[PDB]
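Here is the structure we will look at, set down as C-alpha cells.
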Amino acid sequence: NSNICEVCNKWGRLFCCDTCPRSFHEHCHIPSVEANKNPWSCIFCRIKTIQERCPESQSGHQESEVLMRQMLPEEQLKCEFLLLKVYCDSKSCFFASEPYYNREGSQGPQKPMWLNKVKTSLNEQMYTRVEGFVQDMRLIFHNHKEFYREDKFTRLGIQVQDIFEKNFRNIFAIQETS
Ligand SMILES: [Zn+2]
Ligand SMILES: [Zn+2]
Ligand SMILES: [Zn+2]
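Under the authors' numbering, the first residue of the sequence shown carries the number 701, and numbering increases by one thereafter.
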C-alpha cells in the first residue's frame, strides 16, 4: 500500500484498500471509509468493477441523457467518485468550505455553494438525479467567476472546473466530440 493519502497526499491515520495499493484518510475517501468490511475495496476499485461487469457502459453517451438519470446506487457511486476526483486537486481547497463575500465592486452570489455542502448532500441522499449534483458542482465555479470579475483569482475557478469537466466526461463516458 501507498504511505500517503491518495486524495490529499499527506501521511497520517490511513486505511488501506485490499484490492489495490491506494490508501486514504477516513474523511478523504468518499464515502467515508467504512467501519468494518474485511476485505475493503476503495471507490477506485468499485468504479473499475462496474466497468468490468458491463464493458458497454464505456460506449459514448449524451450529457443530456446522463443528467436525467435517477440516482440509483451506481450513479450515486459515480458522483461520489467525481466529487473525490475534484478534492484530489490541491486547488480544491479554495472551494471546500463555506465562502463569504465582501469585495468592493462585487455582490455575493444568490445561492452560495461549496464542496463540503455537496459532500453532505450526497451523503444524505438529497439528489434524486445526476443533474442535481452536476448543477451544484457547476454553480461553485460559476459563482466564483462572477464574484471575482477581472481579478486574476478568477482563474482558480476555471482550473478546478476543467478538472471537474474532464472527470465528468471520463466517469460517465460522455461521447467524444471536436
Ligand atoms: Zn487525505
Ligand atoms: Zn482500491
Ligand atoms: Zn453489460
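Just so it is clear, CB atoms sit at the ideal spot from N, CA and C, and this is done for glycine as well.
Nearest by alpha-carbon distance to residue i: which of the options is it?
| i | options | result |
| --- | --- | --- |
| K791 | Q875, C708, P731 | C708 |
| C728 | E798, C716, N867, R829 | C716 |
| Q776 | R746, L714, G712, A735 | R746 |
| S723 | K737, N823, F744, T877 | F744 |
| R753 | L783, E774, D862, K852 | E774 |
| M771 | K852, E824, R829, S878 | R829 |
| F872 | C705, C742, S757 | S757 |
| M768 | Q835, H844, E846 | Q835 |
| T854 | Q751, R713, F794, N701 | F794 |
| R803 | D851, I750, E763, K866 | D851 |
| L839 | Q825, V860, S764, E824 | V860 |
| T719 | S702, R713, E726, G712 | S702 |
| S732 | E831, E763, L784 | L784 |
| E831 | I704, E798, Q762 | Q762 |
May I ask you to report which of helix, strand or coil DSSP gives residue i?
| i | result |
| --- | --- |
| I730 | coil |
| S702 | coil |
| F847 | helix |
| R829 | strand |
| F715 | strand |
Taking all protein chains shown into account, do 16 or more other C-beta atoms lie within 10 angstroms of the C-beta of residue i, making it buried, or fewer, making it exposed?
| i | result |
| --- | --- |
| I730 | buried |
| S806 | exposed |
| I858 | exposed |
| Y800 | exposed |
| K778 | buried |
| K819 | buried |
| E780 | buried |
| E706 | buried |
| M826 | exposed |
Suppose contacts are defined by Cβ-Cβ distances below 8 angstroms. Is residue i in contact with residue j by that definition?
| i | j | result |
| --- | --- | --- |
| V786 | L822 | no |
| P809 | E846 | yes |
| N867 | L782 | yes |
| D789 | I704 | no |
| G712 | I874 | no |
### Residue ranges of each beta strand (DSSP E) within the region 717-795, 3 or longer
723-725
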